[PDB]
Amino acid sequence: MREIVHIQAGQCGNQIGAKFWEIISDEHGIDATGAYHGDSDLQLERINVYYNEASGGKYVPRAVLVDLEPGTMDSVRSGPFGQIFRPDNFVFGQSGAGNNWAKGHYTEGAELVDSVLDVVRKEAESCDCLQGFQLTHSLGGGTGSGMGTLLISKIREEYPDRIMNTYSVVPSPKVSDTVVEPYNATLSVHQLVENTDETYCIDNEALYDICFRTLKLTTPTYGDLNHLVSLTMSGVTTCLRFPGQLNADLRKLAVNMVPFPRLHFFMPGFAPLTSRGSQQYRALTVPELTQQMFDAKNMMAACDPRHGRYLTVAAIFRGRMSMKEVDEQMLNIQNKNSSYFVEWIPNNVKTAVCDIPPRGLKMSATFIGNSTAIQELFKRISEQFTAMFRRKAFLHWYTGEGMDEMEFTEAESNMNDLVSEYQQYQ
Amino acid sequence: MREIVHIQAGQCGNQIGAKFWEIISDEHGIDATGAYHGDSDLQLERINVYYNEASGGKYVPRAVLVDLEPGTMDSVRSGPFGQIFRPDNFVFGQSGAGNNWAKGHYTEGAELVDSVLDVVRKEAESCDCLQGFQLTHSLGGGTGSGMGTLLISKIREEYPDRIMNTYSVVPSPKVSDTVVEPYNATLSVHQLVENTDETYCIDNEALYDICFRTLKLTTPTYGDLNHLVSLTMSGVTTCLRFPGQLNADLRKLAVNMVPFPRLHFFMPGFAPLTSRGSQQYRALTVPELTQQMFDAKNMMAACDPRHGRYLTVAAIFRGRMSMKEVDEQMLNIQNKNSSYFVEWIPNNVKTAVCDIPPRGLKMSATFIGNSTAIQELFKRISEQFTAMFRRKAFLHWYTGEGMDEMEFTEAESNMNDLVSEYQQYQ
Amino acid sequence: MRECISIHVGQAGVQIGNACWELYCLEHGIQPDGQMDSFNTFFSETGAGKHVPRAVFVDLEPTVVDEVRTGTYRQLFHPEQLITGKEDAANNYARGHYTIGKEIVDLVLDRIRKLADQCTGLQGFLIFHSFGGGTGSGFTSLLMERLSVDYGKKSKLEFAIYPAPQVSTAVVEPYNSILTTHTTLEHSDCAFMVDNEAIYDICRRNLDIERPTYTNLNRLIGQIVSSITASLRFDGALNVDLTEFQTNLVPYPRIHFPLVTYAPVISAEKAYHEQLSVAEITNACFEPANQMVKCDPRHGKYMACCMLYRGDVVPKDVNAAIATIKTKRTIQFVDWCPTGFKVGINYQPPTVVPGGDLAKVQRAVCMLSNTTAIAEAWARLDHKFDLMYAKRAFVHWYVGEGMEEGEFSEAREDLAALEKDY
Ligand SMILES: Nc1nc2c(ncn2[C@@H]2O[C@H](COP(=O)(O)OP(=O)(O)OP(=O)(O)O)[C@@H](O)[C@H]2O)c(=O)[nH]1
Ligand SMILES: Nc1nc2c(ncn2[C@@H]2O[C@H](COP(=O)(O)OP(=O)(O)OP(O)(O)=S)[C@@H](O)[C@H]2O)c(=O)[nH]1
Ligand SMILES: Nc1nc2c(ncn2[C@@H]2O[C@H](COP(=O)(O)OP(=O)(O)OP(O)(O)=S)[C@@H](O)[C@H]2O)c(=O)[nH]1
């Protein structure tokens with residue numbers, strides 16, 4: 001029931017999806033091979049949403065692995081929990097777009113679109129009812145963005161009624177890892193305003209600073225980023241996967257977060273996040289989390305909501321507490337953060353609770369909010385695009401793949417209209 | 001009833017017509033000799049449209065073979081299904097225009113016009129009611145274009161009410177096979193704007209790239225081109241030849257495709273086109289075809305409709321499905337391709353279905369559409385003509401056959417007016 | 001004793017006539033050849049155990065006529081009532097109205113005139129055709145005015161396959177539709193709805209037929225015409241004539257385009273799942289989606305409502321159900337038309353086919369009205385005509401049949417005046 005098919009693009013996307021899958025194996029009591037060992041019926045009652053009916057009392061993730069190179073392929077398969085995936089879900093290229101959107105979308109994507117559509121259709125038909133999709137990729141990378149755009153386009157033209165979310169990784173503003181990454185973000189967003197119902201923006205430097213300061217780690221790594229990503233993962237999907245006094249699903253969140261079809265970018269959230277010698281001393285209560293719900297420190301996608309205005313807030317909780325405390329806390333949050341909040345969307349806090357807490361924590365809290373802070377990020381991206389497109393630098397790589405000038409012109413015009421609409425809302 | 005007479009010009013035209021004839025022998029259950037062996041009454045009920053009443057329970061194609069040289073003559077007759085044609089339909093020259101329009105139209109065409117008119121009049125009178133004609137030739141070649149022009153002129157002055165279509169082969173822009181082929185295209189189009197009710201433009205490089213990429217063949221050949229040509233063949237003529245819930249004919253298509261008498265060039269289409277290890281994995285459903293109806297990959301005449309605007313679209317289907325799915329798919333096609341479509345021609349999709357699918361495929365789909373993309377092709381042809389006519393190179397061959405300067409001037413003026421009108425529509 | 005004449009033009013008209021005659025033959029027990037007095041309204045007594053349909057099958061293309069004359073019902077139909085054409089208009093109103101229609105209108109006029117000669121109790125004429133089809137527009141229109149001028153005030157009923165807003169076989173359908181509507185407006189006594197897309201949707205959701213075929217549409221027309229003609233072909237508590245149909249719904253000659261709806265459309269397995277009572281079936285039929293018209297009637301006002309019950313239906317239950325229909329506010333009527341209700345009760349249960357989508361039931365009701373929502377479809381068609389004629393496209397095709405653009409324009413303004421007359 002309400003089956004969700006996972007598709008992962010790029011090396012970062014593949015690592016994120018894998019880490020998710022081990023986290024789901026923890027949450028649902030699944031070992032490294034696939035056998036179930038959970039101590040409660042709640043883990044295994046709704047295992048079919050992310051697993052399929054496997055013979056011998058086994059379960060395999062409903063995942064699709066896509067890449068243009070088998071290097072991360074082999075590392076993921078040979079890594080932990082690599083035997084839980086059938087070899088068929090691993091489909092890879094042999095060239096690699098080299099961080100180019102046009103190459104991965106047209107040149108090498110031409111011979112991978114058939115495979116990805118075949119596997120996603122097999123996953124959809126082999127299941128009872130596909131509630132929606134979830135994709136992970138990086139907009140900074142060129143190939144991963146191209147696979148994301150191609151898959152969202154094909155899903156929209158194939159399943160226009162089935163909603164989804166895309167967990168794209170926007171490149172960090174502070175670091176220019178790829179010279180042609182502004183093109184990648186440009187084209188990915190131009191396709192996202194058009195083929196995606198809602199999108200969460202995940203920015204690198206914000207999670208980097210969180211791991212550095214909030215978690216108090218001197219050696220941040222991709223592992224902690226994937227861990228927090230998997231926490232966001234579980235926080236969003238626990239309402240559908242696990243029983244709750246206030247049951248919710250991705251459709252509820254999409255209805256509660258999208259006021260306009262083009263206004264669908266939101267910035268996810270997780271809490272509490274404390275270290276060993278603070279957790280045993282911190283208050284394990286709701287106020288310690290509500291002071292952590294709204295802050296630029298434990299903040300996800302690097303643009304401060306204080307400068308802008310929140311559109312609406314969604315809060316999911318997992319633990320043992322009553323509901324009225326949450327309601328009064330949300331009311332106090334409005335009362336004190338009225339200036340930072342929007343005046344014409346009263347009671348803009350979406351409140352739901354999943355009964356089952358995650359493994360190892362008796363609360364986790366996932367802050368799903370939307371603010372006009374992403375306007376700054378989009379405007380900076382647009383001005384950067386104008387800056388190095390005025391010089392017409394690095395255009396040859398794209399024009400060699402069948403590109404054109406005014407195409408990029410309407411792309412930048414689309415982001416201009418999007419940022420203008422967001423400013424008008426502000 | 002509604003008999004159609006086939007006339008083939010040039011080596012490419014003769015090969016195309018032959019391949020058509022074997023394909024029709026498949027579709028109507030006709031063996032290599034002419035005997036009928038079809039398993040259904042539907043094949044043999046309307047066999048008279050392309051065959052004649054032959055003694056001994058036989059049937060022969062209603063074809064006319066014309067060439068200026070007997071080399072391809074002998075190969076075609078000695079090839080497969082060569083005995084199904086009577087020796088009388090094979091009329092050939094002995095000189096050969098040598099890829100020259102003027103030679104094949106005036107010098108050697110003078111002694112072939114009588115023969116071709118005699119044979120076409122014999123075919124018309126020996127039949128019950130000639131619905132129309134179908135001609136195949138290559139505009140790149142000189143003789144074939146001259147025969148095409150002469151025959152369309154003679155048909156127009158002889159049967160002005162009987163419509164037809166010409167399946168001319170425009171030379172590929174990327175390759176200059178013949179130095180004097182711009183003259184051939186010039187004069188052929190100057191006669192087509194004037195003696196032809198509607199014309200389909202078939203470009204080489206587009207089908208070449210389709211066979212290379214879409215079909216995934218490392219060794220494209222003329223055989224596959226003739227095969228896809230015969231698929232287009234069957235797709236257009238199946239509505240008239242075979243019973244359908246929405247019966248249609250060439251007259252219906254001509255009425256639905258020609259908004260102005262000079263605006264009659266359209267670009268045919270075929271789908272699905274998938275290989276052995278994709279067909280067994282692809283979805284054999286309508287959406288897989290509607291994503292294939294509108295694309296620059298499976299695209300017929302090498303000019304992208306995305307740059308221009310579609311005039312109107314005709315879609316014929318052959319299989320087992322309901323009609324409302326087609327209607328809603330067409331509505332969605334408008335909804336998403338509104339920018340690529342024309343705003344002032346609402347519901348510009350012509351929908352018809354032939355009940356009987358082709359042999360070996362339970363669907364085939366023939367995309368008959370018109371767009372202002374051919375404006376680019378015509379403008380490039382006009383500028384090339386200006387480029388090498390400003391130098392007055394290779395004019396001696398034509399002027400030796402009774403040519404003149406301002407004749408070519410009004411020819412180029414006619415293409416200038418045509419391209420200006422197409423741009424005005426755009 | 002009395003008779004009626006059915007006219008079939010075009011592919012759709014020929015198929016519709018064939019399906020209706022299939023109904024009339026299986027309802028009265030006619031074997032395909034014509035053997036085993038109300039059945040004389042559509043069949044003629046000559047010789048011994050003989051009946052033939054009182055119909056003319058004509059089309060500019062002989063494909064559908066050939067298909068009809070190859071069925072097992074060749075003996076059922078006289079050969080001479082089938083007319084074969086040679087040049088199909090190909091979705092061109094002018095082609096089938098002038099080029100081919102003018103030289104073949106004579107025999108049909110001429111011999112339907114004999115069909116009236118031996119039918120002294122001719123109640124009216126039945127016409128089945130399609131707006132989208134060039135033949136079914138042009139030839140049907142011209143024979144309609146020929147009927148009007150050769151019969152005067154004789155009742156004539158039209159069944160037209162109006163192309164749907166998003167379903168159009170031909171892109172030149174606005175030209176044919178506007179031209180035929182302007183041409184036959186003054187003489188069209190009563191013209192109905194057919195929405196192919198609405199038929200498909202209802203069949204897929206009510207009959208739950210995921211893969212229907214034009215046979216379902218054929219009896220969709222067949223059951224509609226059967227419910228309409230049950231009063232003439234069978235006695236009842238209050239039979240209704242063809243004249244009263246146009247008397248009730250045409251107080252003004254401009255508006256004579258009522259929509260039709262049937263109740264119910266239920267398969268045998270679902271017929272096990274629901275038995276009919278008057279209140280539920282009427283209120284279901286009055287529901288906009290149950291209507292086979294792709295226009296929500298609640299957008300405008302209601303002209304009049306006519307009920308055609310067939311079978312064991314109590315008139316008192318009819319009155320009570322109709323009243324409780326009136327009181328509810330989902331149904332609204334014009335101020336100057338407070339009492340526009342006519343009820344026709346028949347004792348003949350609706351007839352079933354073997355192997356058909358409909359289930360065999362002892363009672364049925366036919367939903368008959370002229371809502372204002374038809375103005376929405378007319379306005380949308382006029383807007384599409386304005387868009388696609390503004391650049392003057394496909395006009396040269398009608399020009400080659402020998403007229404200039406003027407008549408197109410004043411037909412457009414005539415239909416605009418019709419639209420704003422609401
Ligand atoms: N409802 C319904 N409509 C049909 C059916 N068969 C044909 N039609 C109508 O017929 C239209 C197709 O064009 P035709 O009426 O057949 O045109 P034609 O018979 O070729 O006549 P010309 O256009 O003059 O050549 C469609 O738009 C349908 O509305 C049918 O079985 N059921
Ligand atoms: N949070 C997180 N970010 C990662 C991880 N791996 C890579 N990234 C980020 O992703 C960005 C590069 O995206 P990537 O997916 O590698 O591009 P790509 O186009 O797929 O690269 P290629 O396959 O063409 S070579 C870098 O900025 C890097 O910081 C990871 O494991 N976790
Ligand atoms: N698709 C397809 N194209 C062909 C085929 N044969 C030739 N052509 C194309 O047709 C073009 C030449 O046209 P052609 O008919 O041979 O000229 P011609 O004037 O008749 O040549 P000639 O008889 O005077 S010698 C070439 O560009 C070639 O690519 C064929 O079998 N299939």
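All positions are counted from 1 along the displayed chain.
The header says electron microscopy, 6.8 Å.
Every residue, even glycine, has its Cβ placed from backbone N, Cα and C.
Taking B:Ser25, B:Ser40, B:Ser230, B:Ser234 one by one, Swiss-Prot attaches phosphoserine to B:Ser40. For the pair formed by B:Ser339 (phosphoserine) and B:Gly144 (GTP binding site), distance between Cα atoms is given as 39 Å, rounded to the nearest Å. Taking B:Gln11, B:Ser40, B:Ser138, B:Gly142, B:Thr143, B:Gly144 as the candidate recorded positions, the subset whose CB lies under 6 angstroms from any atom of ligand 3 consists of B:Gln11, B:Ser138, B:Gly142, B:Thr143, B:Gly144. Note: the Cα of B:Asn226 (GTP binding site) and the Cα of B:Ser40 (phosphoserine) are spaced 26 Å from each other. Cα separation, B:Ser40 (phosphoserine) to B:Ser138 (GTP binding site), rounded: 36 Å. Within the same chain, residues at least 6 positions away in sequence whose Cβ sits under 8 Å from that of B:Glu69 (GTP binding site) are B:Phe92, B:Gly93, B:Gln94, B:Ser95, B:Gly96.
In this view, B:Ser40 (phosphoserine) is surrounded by 10 other Cβ atoms within 10 Å of its Cβ, with every protein chain counted. A helical conformation is recorded for B:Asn204 (GTP binding site) in the three-state DSSP classification. A count of other CB atoms within 10 A of each Cβ picks out B:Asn204 as the most crowded of the recorded positions B:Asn204, B:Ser339. Under 8 Å, Cβ to Cβ, and six or more positions away along its own chain, B:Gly142 (GTP binding site) finds B:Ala97, B:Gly98, B:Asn99, B:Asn100, B:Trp101, B:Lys103, B:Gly104, B:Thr178, B:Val180, B:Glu181, B:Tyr183, B:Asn184.
With a 10 A radius on its CB, B:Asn226 (GTP binding site) counts 20 other CB atoms from all the protein chains. With the fewest other C-beta atoms within 10 Å around its C-beta, B:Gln11 stands out among the binding-site residues B:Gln11, B:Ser138, B:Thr143.
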